[PDB]
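Report on the following structure.
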Amino acid sequence: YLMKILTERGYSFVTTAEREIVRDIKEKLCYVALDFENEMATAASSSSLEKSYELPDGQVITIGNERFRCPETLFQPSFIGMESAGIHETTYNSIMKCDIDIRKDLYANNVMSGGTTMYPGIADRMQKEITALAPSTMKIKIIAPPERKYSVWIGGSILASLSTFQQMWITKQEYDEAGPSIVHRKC
Amino acid sequence: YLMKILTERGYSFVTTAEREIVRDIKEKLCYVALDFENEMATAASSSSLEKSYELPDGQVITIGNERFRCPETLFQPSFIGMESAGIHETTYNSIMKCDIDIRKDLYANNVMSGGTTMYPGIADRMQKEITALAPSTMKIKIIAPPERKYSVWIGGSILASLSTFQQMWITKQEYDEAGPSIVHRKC
Amino acid sequence: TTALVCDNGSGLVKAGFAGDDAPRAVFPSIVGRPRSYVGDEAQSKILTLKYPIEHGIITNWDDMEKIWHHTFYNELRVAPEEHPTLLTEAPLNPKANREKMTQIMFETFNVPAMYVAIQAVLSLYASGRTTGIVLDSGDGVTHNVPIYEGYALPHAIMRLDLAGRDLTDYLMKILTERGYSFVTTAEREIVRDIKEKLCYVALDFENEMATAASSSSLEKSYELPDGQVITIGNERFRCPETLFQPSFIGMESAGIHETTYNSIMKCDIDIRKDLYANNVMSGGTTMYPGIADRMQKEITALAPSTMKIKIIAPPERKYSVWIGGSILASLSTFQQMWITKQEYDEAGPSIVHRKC
Amino acid sequence: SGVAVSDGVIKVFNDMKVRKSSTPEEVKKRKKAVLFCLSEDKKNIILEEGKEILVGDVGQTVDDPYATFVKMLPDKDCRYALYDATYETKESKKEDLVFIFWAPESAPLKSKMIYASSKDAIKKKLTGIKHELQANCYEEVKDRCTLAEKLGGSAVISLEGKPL
Amino acid sequence: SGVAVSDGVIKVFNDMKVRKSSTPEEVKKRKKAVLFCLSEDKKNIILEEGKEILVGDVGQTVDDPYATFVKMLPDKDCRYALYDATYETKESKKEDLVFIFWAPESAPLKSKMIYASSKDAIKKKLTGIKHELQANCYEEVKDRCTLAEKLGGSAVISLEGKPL
Amino acid sequence: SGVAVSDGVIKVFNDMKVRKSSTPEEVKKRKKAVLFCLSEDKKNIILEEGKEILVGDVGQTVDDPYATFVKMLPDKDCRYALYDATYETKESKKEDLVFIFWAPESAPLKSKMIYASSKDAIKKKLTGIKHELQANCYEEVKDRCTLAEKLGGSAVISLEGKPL
Ligand SMILES: Nc1ncnc2c1ncn2[C@@H]1O[C@H](COP(=O)(O)OP(=O)(O)O)[C@@H](O)[C@H]1O
Ligand SMILES: [Mg+2]
Ligand SMILES: [Mg+2]
Ligand SMILES: [Mg+2]
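Protein chains in written order, with the deposited numbering: chain C, 188 to 374; chain D, 188 to 374; chain A, 5 to 39, 52 to 61, 64 to 374; chain I, 3 to 166; chain F, 3 to 166; chain J, 3 to 166.
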């Protein structure tokens, strides 16, 4: 979607080489706005929101209202065209599917991960959208660790670096005895 | 029966977790009506009888004429399907089975206990039903203590906390002498 | 002259004329609204789907008038005020809903005569029986209604939220395991067609899975509307297996093979013998080939060994609830049993309780 | 419901249920087992004069009243029945009448629904009847043990003058 | 867009879509399949009384309602259509109406653009219609299988009282 | 998982959960609230003798058992806890033990992952415990109302000898 909306200004990034530049622009200059409709109003008038990116060949391209429009798709998937609700409503739909007595510990323990959740200001937007969706009585706490991009790898690294974990691995002997089905019993 | 009649409005409580919520609703919002047929007439028209319960997940569900229909089964077991008469007629049938000279002290000494008799307004309904069943000449007095839910435990606690009860217990020596049959002679 | 029969199904409204072999109008029960297209129009179009008959009970009355207006005008293509319409209601229906239905029918469409019947007794009569527990497994719910000489016992009617909708959802979930991503409402119809054309209940799930993991003859091939040919393997028997093992969806309630036994054990002890040998299945969800044998095996495992279990499954059990109403409304001696508008004007909406 | 009963069927039922002092020549033309049907218009319950069983012939031309009665029911249509059983119990010897609701699966739905929804219209008019026998399959009604199982259960030792 | 619909076409559509209890002599002059055209000024959608098909004649003079309908469409001009189909599915027997958008390539652009840009002005006024059939070539609309393919796909076994 | 429990922690839990008849001089050195830690090698769950709370001192030097317990938890590291609560409900007076899982965000990931993945290794060995309290922020565990909300919800009227 960023590649599609950058051509609206005149920047034609179509090849795989320019796709890496588009990804770098998305990683370095995109951010989730607290209010999309209100932010667009100021972006259409103010000029301080326009940033400047340096292409590998030396060209300096300017990006305007595309900083918040690209990550806005995660909450409004109508930008891409999928009918599925945004990441702010699928979370609520999944929480309402569990037990009724454990829903309270799920609203106040929403954890975000992955490289896509690294946009500055996504936790506030998620909290606002859930508080709009969730009942008013119960509170929503959204925690976002600064290392959520590689948290899934850091967890595995710490779990494998344990001095008491060397006996929990699946050695080749147990595999030879039990076939590939050993992973189901061990894990 | 409350779980069955709550699905008539749209509240689907089927699992064991929601069963605790149904039990809490029954304990906090149910009451025995003095006249079931007359109360239903006002409940079908008036809107002040509808209460509002707060689910553990924050949802607010409203309960209407199910406040008095649930405890009404104790007097009309046709709601559940058992042919046995209600708790207002089994009492009369049991009183008529004792001696004829002690029936007078049983009609004026009806005591209620257990957690199920904690509904507000059950004593008046019981008195009305018995006075309808019992002869008109003799009077019916229904006393309901406010601590009838744990009265069976409070009685045992006070009986075991007596300073002169330590010699009435069944010690292990008497058990060793007399076998398990000692409880029949002692009690 | 001719009578209409509008079956208020949870996921498919069956409508037609009395005397025909099958309903004429069959469309999903959805009322689309943008962020008001009703029925078949919602699937083609950006709308939030709503079900007023989601769980067998009409909880959204405001859309039921539009549903019935569409069914009468754009589906049956006949005037409602000139043709009597027979209606069917799900078991365990409150008296308020039964009164509101006939009140709406008499005050909005002004139909001259109507009648409200129970789906369970109609499905039981359609199988040549008057005493026996009927299994009404529809699109939204699955009801187990034990009936005695045409009088259903309301205290033993078990209601199960597991139905064809959850089966379609589980099929959508398990098809993505191979790589087929069906997420939108348009692909949901393709998933439903796959479930209707290629799914079947296995006699032994654990044994069938063993052969499916090794053999390759069980894999079928379905043709997508766009020309693509997708292959389905062990998902043919895993999707309908949820009806007997609801742990696949996540509900703690027992399967349709154990709720039947639990409901039979709740009736009289002297009529349990006529209920084990008169188990009738109905609804579109019970159209899987090989479900009767699995039900019989599971009940014989559950029921005592001395008494025998006979499971009869008519080939027309999908529309049996509508065929029964159509034959009942096409009777030459039934024209005097309808509820005319004069009796309604005299007795209010409570006339349906005395007449039915 | 719909379909009601005619006067002939009610007269036949009152004639069969309540017997009176009769001559030995007339007593042999009493009705033993009679079926019920529908007319062309399907609005009245009428007995067919073709298929029937007399009391006189039982024990003579008809060696077995029940055995010759199973084949009399058509397997391609739904039928009513009224069988006068003479079974022997361990306790005593009884003589009761049985209402058999014949409804095979091979019959069309138009003949099954009409006969199933109007069963209360005929059974209510037959006052004093107790033994109800609902039979759908042909093998279950062809067996002899089922009649003793419905009538008295395991207590019936002999059925129709012969032991089980 | 531009071109709007007149009152006569709306009245005809309301007359065809919603039928009522009618006499047996009048029921034979109902409208089975009617086309739509443009006037001299090309500002209103008007039905031509010349080319049409009655319900009465179907099955009599018109042996095939669809077969005699293909040749009724002019191949040198763009036309609308409204066909009342009576097809048999494996599942059941349905009776729906079909909107056929006839637009051959031999017609001039002035008659194609007007009828293509004003299609939403006529289709929106025809409430409750579902089956939409857009046909440009003559061979694709002449074939009988395409109607069953658009109506119900492979499920339609018989179309207009005769099997495929 | 990995990290297992030592014998000292199991002995302390069995000592605290099951109390027996004791002398009035010894009963004052019972363990009220004890925390759990990791050794230098991070392979066993060990209680630290430094930070702890006795039953004797409660109500004397420690005016508030819970109030003096929040500050005892270090905010720069992850810790376990075992609090013996004495709360008053409307219904009755109960005395249960609470398992508090302290895990602030300011602690390093090496101390958070080890204590989160080995929680089932300690909680399974503590048989008979019911009240589980997972606390990450410091403000949520510092508040007094949260303990009554987790223990009994809105039913708990008084906590630790004083009303809410
Ligand atoms: N042949 C079939 N095989 C499998 N499933 C079917 C078949 N026919 C219908 N169904 C399922 O049945 C459902 C429709 O049930 P429905 O007739 O609405 O039940 P009810 O009338 O009780 O509401 C559909 O969702 C569909 O998935
Ligand atoms: Mg990841
Ligand atoms: Mg007690
Ligand atoms: Mg149904």
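Quick reminder that beta carbons are idealized off the backbone N, C-alpha and C, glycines included.
Handout entry: Inter-stretch contact (C-beta, 8 Å, three-pair minimum) for the region 83 to 93 of chain I and the region 153 to 161 of chain I
Key = Result yes; three or more Cβ-Cβ pairs closer than 8 Å.
Practice task
Could you tell me which chain I residues have their CB closer than 9 Å to the CB of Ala144/A, listed as they occur along the chain?
Solution key: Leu111, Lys114, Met115 and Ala118
Practice task
Give a yes or no on whether 7 Å exceeds the smallest Cβ distance from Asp43/J to chain C.
Solution key: Taking Cβ atoms only, chain C reaches closer than 7 Å to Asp43/J, which makes this a yes.
Problem - Three-way DSSP call (helix, strand, coil) for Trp86/A in this model - result: Residue state, collapsed to three classes: helix.
Practice task
Give the C-beta separation of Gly302/C and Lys336/C to the nearest angstrom, bearing in mind that I take them to be a contact with Cβ-Cβ under 8 Å.
Solution key: 5 Å
Practice task
In the DSSP assignment, find the beta strand (DSSP E) that holds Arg81/F and state where it starts and stops.
Solution key: Taken as a continuous stretch (DSSP letters only), the beta strand (DSSP E) holding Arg81/F covers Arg81 to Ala87.
Exercise for the section: Specify, as a first and last residue, the run of the alpha helix (DSSP H) that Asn115/A falls within. Expected result: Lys113 to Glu125
Exercise for the section: Compare the Cα-Cα distances from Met74/I to each of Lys114/I, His133/I, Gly10/I and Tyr140/I and report the closest residue. Expected result: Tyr140/I
Exercise for the section: Output yes or no for whether 7 Å exceeds the beta carbon distance between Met325/A and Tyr294/A. Expected result: yes
Practice task
Return yes when the Cβ of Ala204/A is within less than 7 Å of the Cβ of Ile341/A, no when it is not.
Solution key: No.
Practice task
Can you say whether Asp292/D is buried or exposed, counting buried as having 16 or more other CB atoms within 10 angstroms of its CB?
Solution key: exposed
Exercise for the section: Could you spell out the range, first to last residue, of the alpha helix (DSSP H) harbouring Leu346/D? Expected result: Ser338 to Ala347
Practice task
Compute the minimum distance between the beta carbon of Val339/A and the heavy atoms of ligand 4, and state whether it is under 6 Å.
Solution key: yes
Problem - Beta carbon proximity, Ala26/A to chain F, threshold 7 Å - result: So yes, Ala26/A belongs to the interface.
Exercise for the section: Indicate whether at least one CB of chain C lies closer than 7 Å to the CB of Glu364/D. Expected result: It does not: the Cβ of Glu364/D has no partner Cβ on chain C nearer than 7 Å.
Handout entry: DSSP three-state assignment for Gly150/A, whether helix, strand or coil
Key = The three-state reading of DSSP puts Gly150/A in strand, counting E and B together.
Practice task
Following the continuous beta strand (DSSP E) through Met176/A, name the residue where it begins and the one where it ends.
Solution key: Residues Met176 to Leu178.
Exercise for the section: For the region 207 to 233 of chain D, enumerate the residues whose C-beta is nearer than 9 Å to any C-beta of chain C, in chain order. Expected result: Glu207 and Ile208
Practice task
Identify whether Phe15/J lies in helix, strand or coil by the three-state DSSP scheme.
Solution key: helix
Practice task
Measure the CB-CB distance between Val159/A and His73/A and report whether it falls below 7 Å.
Solution key: yes
Exercise for the section: Kindly say whether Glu195/D, judged by its beta-carbon, lies nearer than 7 Å to any beta-carbon of chain A. Expected result: yes
Problem - Pair within 7 Å by beta-carbon distance, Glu54/F and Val36/F - result: yes
Exercise for the section: Decide if the region 112 to 125 of chain J is in contact with the region 139 to 155 of chain J; the criterion is three or more beta carbon pairs, one per stretch, under 8 Å apart. Expected result: no
Handout entry: Status (buried if at least 16 other CB within 10 Å, exposed otherwise) for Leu16/A
Key = buried
Problem - Beta-carbon proximity of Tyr53/A to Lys68/A, cut-off 7 Å - result: no
Handout entry: For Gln246/D, the three-state DSSP class (helix, strand or coil)
Key = Reduced to three states, the DSSP call for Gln246/D is coil.
Exercise for the section: Tell me, please, whether the CB atom of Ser368/C is closer than 7 Å to any CB atom in chain A? Expected result: no
Exercise for the section: Please go through the region 103 to 141 of chain J and give each complete alpha helix (DSSP H) segment of 4 or more residues, from N-terminal end onward. Expected result: 111 to 119 and 121 to 125
Problem - Of the residues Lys126/F, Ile131/F and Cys80/F, the one placed nearest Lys44/F, counting alpha carbons only - result: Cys80/F
Handout entry: residue 223/F to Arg256/C span [Cα, whole Å]
Key = With chain F covering 3 to 166 only, the question about residue 223/F has no answer from this structure.
Exercise for the section: Compute the minimum distance between the beta carbon of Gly301/D and the heavy atoms of ligand 3, and state whether it is under 6 Å. Expected result: yes
Exercise for the section: Determine, using beta-carbon pairs with one atom in the region 100 to 110 of chain A and one in the region 121 to 141 of chain A, whether at least three such pairs fall under 8 Å. Expected result: yes
Practice task
Verify the CB distance criterion: does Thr202/A have a CB-CB separation below 7 Å to chain C?
Solution key: yes
Exercise for the section: For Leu293/C, return the contacting residues in chain J, with the cut-off set at a CB-CB distance below 7 Å. Expected result: Result: empty, since nearest Cβ-Cβ is about 12 Å, beyond 7 Å.
Handout entry: Interface residues of chain A facing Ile267/D [CB-CB closer than 7 Å]
Key = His173
Handout entry: Beta-carbon proximity of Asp157/A to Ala181/A, cut-off 7 Å
Key = yes
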